[PDB]
Structure formats: C-alpha cells, structure tokens
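This one is an experimental structure. Sequence first:
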Amino acid sequence: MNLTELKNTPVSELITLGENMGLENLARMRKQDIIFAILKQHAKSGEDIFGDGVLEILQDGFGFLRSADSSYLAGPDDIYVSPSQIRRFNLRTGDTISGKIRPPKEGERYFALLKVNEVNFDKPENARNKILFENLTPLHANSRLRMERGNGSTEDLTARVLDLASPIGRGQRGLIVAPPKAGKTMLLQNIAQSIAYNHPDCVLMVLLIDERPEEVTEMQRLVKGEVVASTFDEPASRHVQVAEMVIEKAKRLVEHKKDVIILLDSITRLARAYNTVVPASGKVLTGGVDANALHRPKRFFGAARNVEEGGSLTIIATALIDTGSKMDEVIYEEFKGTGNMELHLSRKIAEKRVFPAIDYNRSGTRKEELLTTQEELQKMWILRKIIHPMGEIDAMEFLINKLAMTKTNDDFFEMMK
Amino acid sequence: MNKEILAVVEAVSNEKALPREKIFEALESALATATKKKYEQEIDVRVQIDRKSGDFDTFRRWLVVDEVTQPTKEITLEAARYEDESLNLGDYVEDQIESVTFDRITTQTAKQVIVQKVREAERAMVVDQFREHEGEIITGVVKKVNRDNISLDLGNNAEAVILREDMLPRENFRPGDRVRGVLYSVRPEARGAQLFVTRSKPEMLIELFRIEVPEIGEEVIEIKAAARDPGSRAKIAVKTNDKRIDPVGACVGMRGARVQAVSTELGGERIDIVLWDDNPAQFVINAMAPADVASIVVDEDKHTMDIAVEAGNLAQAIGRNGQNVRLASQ
RNA sequence: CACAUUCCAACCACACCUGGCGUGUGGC
C-alpha cells in the first residue's frame, strides 16, 4: 500500500476507511496518527507497504523519511531508516526516497524501511556515480525561462512585464524588493502558474515562511509543486527545518541533473527566524542581529547557480522593505549586492491601483545578453531608454496601457517603434 | 528607586499588549496594594507616580459621606467645608505621602499585580482584536479539547473557545487539528477566555457560502433560511430577486460539487438546497420533500401547521427521529 | 538487500555540595 495515496486523501475519507475497518474511533485524533493507525491495521492484514518522502539525517546516525504534505514534520508518519542504509547506499540529507516499509515490531513506533525502490527518481546504482554540489562548476544563466503564455488574460500581462523588465533563466538569482501591501503574493502565484504551464519538466517548489495559513491553503491546491510552507504558529525551529530540508532536496535534485527553481517569500522573515534560532555570538548589529545569523541565509540564497555539468538551480526570494524595523533594512542592504536579478515593486504605484506595480527604472538583470537574441536585447535596451526618463507611476501606466492592446511581447516591441 | 521604575516601565515584555499608561496604572495599583498592606487599618491610596520621569507622591482617599464606618476613609459632608472640598464624593487628598515601593512584600505584591495586569492586558487585546472576525469564519489549531469546552490557538497568543453543548458525539477532537466556526458571543467583562465560537448556528453555512458560492455576497441572490439539525440535516432555502438566475440550479454547483464540498467541510452532513416560497404552505411542502402531503393547514391562535402525509413515500417523509419534519418545525 | 543504537493517559529516572584533612622534610 502506498503512503502518498492515503496522503492525498482528505480527512473524511480516512475517517470512512477507518470506520469501514471497524476499529476504535479514529476521527478523534490527528491526521498524522490517523494515517499511522490505519496503516498499522491495513499492514497487520495487507501486502508489503510502500512509502515515499525526503530523508533527513539525525545526529544518532539514523534517518527520518518525512512527507512534504506535513511540511517535513516529525510525527508517527515518519519512516525510520538505519545507518546501515547510509553506509550501503550512502544516504544523504535531502534525498527523495521511495521504497517498501513494514509495521514496527515490539516496542517500536516508526515504520521501518525494507528496500529502496527509487532514490531521487533514479537508480541506487546510479545514485553512487553522482557529482557533489559545491564541487560543481557554476556558470551564468544560459537558457532563458519563457514566462509569456501568449493568451493575454487579465493577469498574464503581469508576467509579460517581467519578460521585458528582468529576464530570468535557469541558474539566476532573483530578489524581490517590495514594501507590504504591494501585490507580491499573486505576483509569485502568476509566475508559478506560468513557469509550471510553460515548463512541466523542471520540478518547481515554493517556500512560505511565517505566512498566514489562508495563503498557504489557497496555494497548496492551486499551482503544481510540492507546496511546502511554514506557518507562524510554530517556532523558528520548524522554519529552519523546512529551509534545511527543501534546500537539501533541491541540491540533491540538481546533483541528479535536474533543473530546480525555488520560490521563497520572504527571505527577510526566514533570516529573522535564522537570527532568533542561532545562538548569540557576542557581536550584535543594529536591531538585535547576529553577524553569524546571516551566514546560513547567505548560504541558502547563494546555493542557486547554473551548473555546467548538467542541471541548474534558480532561486527567487522576496525581500520586504519600508515596514519600519531595523532588521528589514539591515537584511535588504546585506542582500542587495548578492542577487543578479532585482525586481523592485514600488508601493507608490500600488497606491494608485496600477498592477503590477513594478519599478522598471530601478530594476534590471546582469548578464542578460545570454538569455535573449541580439535584436530582442536591443529592443529591450531601446525601450529602457524610452521609458527611463519618465517617472514611476506614468512609466508603469504607459507600459501596461501599451501592453493591453497588443498581445505578444515581440509584437509590443514592434508596435513600440 | 525611580531609575528602577523607569527601567521596568521601559523594558516591559509586551510593549504593544501592555501600553505605557497601562504600565503606569498597573504600578499605581501595585503601590496602592502595597500601601494597604503597610498600615494595619484599611485606607485606600492613589499614587500618580510622575508618569514620565519622576518618583512617586502618594495621596489619601477619604470618601466624603456622612458615615463613620472605617473612619480612615470617612469624611462627613458637614465636616468637609474646610480645604475647599465643597463636594460630595472624590475627596482624594494628599494627606499621605512617604510610601515605600521597593521592600520585600511590596516587591512581591507588585510582581503579582503586574502578572494579573499583563494577563488582563493580553486578554483584552486578543479579544478586541480577533473579535472583528465575529461574522466571518476564523481559523486556528486547538489548544486543548477539554470536557466543558475546547480552546483553540488562533495565532500569536490568540485563543478562542467552542462550547460543549454545540459539539456532536460524532464530531471528533484532540489537541492539534483546526476546527472553524462562527464567533457568536464575546463577553469582554468575563474572567478568562471570552471568545465564544459555535458551529451549530444556521448562518454559519450562509457565511460558508459567502466564501464558495460567488452568487451570494453581491445581493443578486438572497440566502434567506437555513434549517440545521447538526449531524442530522442541514437544508438551505434561498431566494432570487433578479429575473435571470435560479435559486437551486446555480448554488448547487455541477451535480453536487460545491454543495458536497461544503457538506464535507461541515462534517459530511446531509445538505439539500430547498426552495422556500412566499407562503408557509408551499414552504413546509418543500421542506418535507421529496414526499407528498395529504393535508396542509395553518393555525395562528395555536401557532402551528398541520401536515398530514399520504402513504407511499414514508421512507422519505419521516426518516430518523422525524428529521425531514424536524427541520421544518425548526 | 542487509545491521539497526525511535523526536524520550497516570508515573517509577532527573536525589546530595565539605569536613577538617593530607603531602613532603627533619628528630630520636
């Protein structure tokens, strides 16, 4: 029996199945131990059990295989793995494992793994002959990501603006600078829809840290991807745990020659969690910030790169400004000269209800010559020269108003002449 | 000592839940309790300890009234014309100064008063903040599902309560799941958790439709009635004031898709979108459908309706405990 | 495939600091 099958089931179907099995009232307790108990029963009377998830190594040597629907949380759903696997197949933190499991025997409460069927959607034999992550040779953005769908709906134009404001490719680092109440949420939503529609081949992951549960719920069932998130009713331990697990999963997946693109919103809340979870090293900055509290966020942001040997990792993290604290400014200043794809969203345009509010003049992309052709980049330069002397609001006014009538971006370039 | 008072008022844990003037009044009440514990008699004292910078300068209340009981706080109206009191209540004068606001018992009672005051603060703050979401559905994991009620974490030190009477034997609970509802009553003058959320009220489902059904909310349709026997039957009666929409055809979705979704959200309760009419006769005819009724009678002096059913559809007329009728009478 | 060292409902497990003493050398 597969675990992900009972995973994609709602709680009501689990309740109905447990009542069909004729047991103690299972609807009373957690979905976690609901699945645990129904699995224990169906495995008392049932086949080999099958399961899948992502592995995290403990300091005891053993490992835990956890689910992304539980956002990689500790509980009875986890699969225990022995260090003997981590010696035989030499398992690693963040490996996508899928294999056979069994009930725990006398005194045990965690399902034990039997035989690894797929390691990162790949062969264990081929799991040995792999390349290390930092041992790779990074490179600039080589292949551009097509965000324009070509239909021109009410929201698709938003993505089109990006296609002429800051082109993104596999291996690029994107950083969004926006104050609160600027419309970045559905900005990432439309971006994710477009990159999932245009490229169903690259595995797409999003990250929500200290976000409201409403957006988490509406996102985890609207776009494609293992939509993993971290709500604010948990301490910084869980947030940094999601950070570790998904960043290691992306690292292993690009090591397996796959293009991974990670959507984070926001990087400032994650860095604040990093600060409040890391022990104090004596050196305080302005606003209660540790110098070592930015080391791991810098690692998380710089993990993205464009591999020469194969695969790529592109990160798009959003940053908050203009919200008053000391940490927001110190973090945004520390991260300004890090990413090579700035996207500035000025609230001065969002206050006029002109969406998307994009600061085209203060935005840009370095090494953008390796993403578009000569005439495409030339048209981009000419339009930037045309719109730069204009202000902010009127700039986006002209951009959106002229992209409203024409429907393909190259046609917009043509008509702009 | 004033420096320590300023350090305390500046280094409070919750600067947002415990405002500055609230710290001032809390320190004043603590020093009042301290001065009360100081003297053997019972004399109430106000402090007004130099809110911004300076130290304390206590006072002495006297409660102008012709009585004499507890003369420490007694001043007769006739023997009050000196000092230019000239009033009948509010003789809070400065007869008493030189208080000690730091010693052992005073510090302990001040810590206790501060704990009580920050608790009251947190309570009032969370209540009057999350009370704005009274008509709309609230979310949040549960703190603890006790016997007489259950308490739910709504967020940052945010708590709500759902009573036991509004629960169901089949509705099922343990710390860690999130159960929603409608905040139906708020008693900010209570002694503890005072954010009362229910789930058996009818308008709940109405509010639920306002999240899912796009026809409701723009007034183009009108959700009028909702008969809810929780766990038994949850029927809804809507009306359309326009002339281009159907009451039951649009709100049902696509062959039991949205109504089934909100039913599973409500706990898989049987939901049937009924169509009420302008008269109670057709209303109770539709509420007990699909079935026939041999007699529909209305009585005003008895405040009742006689519904006599024919034989041939009993399996859809009564059901469990007269549920198909129990909603109508409800 | 294989060793397997598990995130640990009442509650057994989380109990205590201190004195006078000692080393070495010398004496018959």
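Alright, I've got the coordinates. Residues are numbered from 1 along each chain as shown, chains lettered A, B, ... in the order given.

going forward, measure contacts between C-alpha atoms and count neighbours the same way
Will do.

Reduced to three states, what does residue B:246 come out as?
Classification of residue B:246 into helix, strand or coil gives coil, according to DSSP: H, G, I helix; E, B strand; the rest coil.

What is the burial count for it?
By the criterion of other CA atoms under 10 Å in any protein chain shown, residue B:246 has 13 neighbours.

Distance check, it against chain A.
Distance from residue B:246 to chain A, counting by CA to the nearest CA, to the nearest Å: 29 Å.

what sits against that residue?
With contacts defined as CA atoms under 8 Å, 6 or more residues apart in numbering or on different chains, the neighbours of residue B:246 are residue B:240.

now the strands for chain B?
B:142-145, B:149-155, B:158-163, B:182-186, B:195-198, B:222-229, B:233-239, B:273-274, B:295-299, B:304-308 (DSSP state E).

What pairs with the second one, parallel or antiparallel?
According to DSSP bridges, strand B:149-155 forms sheet pairs with strand B:142-145 (antiparallel), strand B:158-163 (antiparallel).

looking at those, which is closest to residue A:355?
Nearest to residue A:355, of all the strands paired with strand B:149-155, is strand B:158-163, at 33.8 Å by CA to CA.

Now the strands of chain B in CSV, please, with extra columns for distance to residue B:11 and mean neighbour count.
Putting the strands of chain B into CSV (distance: least, CA to CA, whole Å; neighbours: other CA atoms under 10 Å in any protein chain shown) gives the following:
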stretch, distance to residue B:11, mean neighbour count
strand B:142-145, 29, 20
strand B:149-155, 24, 20
strand B:158-163, 23, 22
strand B:182-186, 32, 19
strand B:195-198, 30, 23
strand B:222-229, 52, 19
strand B:233-239, 53, 21
strand B:273-274, 58, 20
strand B:295-299, 70, 12
strand B:304-308, 66, 14
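
Could you save those strands as a markdown table and add columns showing distance to RNA strand C?
Compiled in a markdown table, those are given as follows (distance: least, CA to the nearest atom of the strand, whole Å):
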| stretch | distance to RNA strand C |
| --- | --- |
| strand B:142-145 | 12 |
| strand B:149-155 | 17 |
| strand B:158-163 | 21 |
| strand B:182-186 | 30 |
| strand B:195-198 | 26 |
| strand B:222-229 | 33 |
| strand B:233-239 | 35 |
| strand B:273-274 | 43 |
| strand B:295-299 | 56 |
| strand B:304-308 | 51 |
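
Any chance of CSV for those strands, columns distance to residue A:126?
Putting those into CSV (distance: least, CA to CA, whole Å) gives the following:
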stretch, distance to residue A:126
strand B:142-145, 46
strand B:149-155, 46
strand B:158-163, 50
strand B:182-186, 55
strand B:195-198, 56
strand B:222-229, 60
strand B:233-239, 57
strand B:273-274, 58
strand B:295-299, 78
strand B:304-308, 76
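
of all those, which lies closest to residue A:195?
For those, distance to residue A:195 was read as CA to CA. The smallest value, 33.1 Å, belongs to strand B:149-155.

Going by neighbour count, list what's buried in stretch A:72-79.
Across stretch A:72-79, burial judged by 16 or more other CA atoms under 10 Å in any protein chain shown covers A:72-73, A:76-79.

what's the answer for stretch B:255-274, then?
Buried residues in stretch B:255-274, counting neighbours by 16+ other CA under 10 Å, are found at B:258-260, B:262-264, B:266, B:269-274.

Looking at those, which is nearest RNA strand C?
Of all the buried residues of stretch B:255-274, RNA strand C sits closest to residue B:266, with 28.9 Å by CA to the nearest atom of the strand.

Could you list the contact residues of the stretch 51-200 of chain B toward chain A?
B:155-156, B:171-177 (CA under 8 Å from any CA of the partner chain).

dump the residue contacts of residue B:157.
In this structure, residue B:157 makes contact with residue B:126, judged by CA under 8 Å, 6+ apart.

Roughly how far does it sit from RNA strand C?
22 Å (CA to the nearest atom of the strand, to the nearest Å).

What of residue B:72?
As for residue B:72, its distance to RNA strand C is 48 Å (criterion: CA to the nearest atom of the strand).

Would you confirm that that residue contacts residue B:43?
Yes: with contacts defined as CA atoms under 8 Å, residue B:72 counts as touching residue B:43 at a distance of 5.8 Å.

Just give the closest residue to whichever residue of chain A sits closest to chain B, not the sequence neighbours.
When distances are taken as CA to the nearest CA, chain A approaches chain B most closely through residue A:28, which lies 4.2 Å from it. Counting by CA to CA, 6 or more residues apart in numbering or on different chains, residue A:28 lies nearest to residue B:172, which is 4.2 Å off, once chain neighbours are set aside.

roughly how far apart are residue B:99 and residue A:88?
For residue B:99, the distance to residue A:88 (CA to CA, to the nearest Å) stands at 76 Å.

which residues touch the closest residue in space to residue B:122 that isn't next to it in sequence?
Taking CA to CA, 6+ apart as the measure, residue B:122 lies nearest to residue B:17, with 5.9 Å between them; neighbours along the chain are not counted. Residue B:17 sits next to B:118, B:121-122, B:125 when contact means CA under 8 Å, 6+ apart.

if we go to 10 Å?
For residue B:17, the set of contacting residues under the criterion of CA atoms under 10 Å, 6 or more residues apart in numbering or on different chains consists of B:118-126.

for residue B:213, same thing?
Under the criterion of CA under 10 Å, 6+ apart, the contact list for residue B:213 reads B:206-207, B:250-253, B:258-259, B:262.

and if you look at residue B:161?
If you count contacts by CA under 10 Å, 6+ apart, residue B:161 has them with B:142-145, B:149-153, B:183, B:193-198.

just the residues you listed now: which is nearest residue A:177?
Closest to residue A:177, out of all of these and judged by CA to CA, is residue B:153, at 32.2 Å.

Which residues does that closest one form beta bridges with?
When bridges are taken as DSSP bridges, the partners of residue B:153 come out as residue B:159.

measure it to residue A:53 for me?
Between residue B:153 and residue A:53 the distance is 29 Å, computed by CA to CA.

what about residue A:47, is that helix, strand or coil?
Here residue A:47 is recorded as coil under three-state DSSP.

The residue lying closest to it once chain neighbours are set aside: how many residues sit nearby?
In space, not counting the residues next to it along the chain, residue A:47 is nearest to residue A:1; the distance is 6.8 Å by CA to CA, 6+ apart. Look at residue A:1: counted by other CA under 10 Å, it has 16 neighbours.

Residue A:1 is in contact with residue A:45, isn't it?
No: applying CA atoms under 10 Å as the test, residue A:1 and residue A:45 come out as separate, 11.1 Å apart.

can you pull the buried residues of the lengthiest helix in chain A?
Taking residue count as the measure and DSSP state H as the definition, the longest helix of chain A comes out as helix A:236-255. Going by neighbour count (16+ other CA under 10 Å), the buried part of helix A:236-255 is A:236, A:238-255.

How about stretch A:204-213?
Of the residues in stretch A:204-213, those buried (16+ other CA under 10 Å) are A:204-211, A:213.

so what's the one residue in the stretch 101-250 of chain B that gets nearest to RNA strand C up against?
Ranked by CA to the nearest atom of the strand, the top residue of the stretch 101-250 of chain B for proximity to RNA strand C is residue B:175, at 10.7 Å. In this structure, residue B:175 makes contact with A:28-30, B:141-146, B:150-153, judged by CA under 10 Å, 6+ apart.

Mind doing that once more with 7 Å?
Applying CA atoms under 7 Å, 6 or more residues apart in numbering or on different chains, we find residue B:175 in contact with B:142-145.

Then residue B:58?
The neighbourhood of residue B:58, defined by CA under 7 Å, 6+ apart, consists of B:45-48, B:94, B:96-97, B:99.

I'd like to know how far the residue nearest to residue B:122 sits from residue B:127.
Looking at residue B:17 against residue B:127, where the rule is CA to CA, the gap reads 12 Å.

sorry, back to before: make JSON lines from the contacts of residue B:213 and add distance to chain A to it.
What follows is the contacts of residue B:213, written out as JSON lines (distance: CA to the nearest CA, whole Å):
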{"residue": "B:206", "distance to chain A": "20"}
{"residue": "B:207", "distance to chain A": "16"}
{"residue": "B:250", "distance to chain A": "23"}
{"residue": "B:251", "distance to chain A": "21"}
{"residue": "B:252", "distance to chain A": "21"}
{"residue": "B:253", "distance to chain A": "19"}
{"residue": "B:258", "distance to chain A": "15"}
{"residue": "B:259", "distance to chain A": "15"}
{"residue": "B:262", "distance to chain A": "12"}
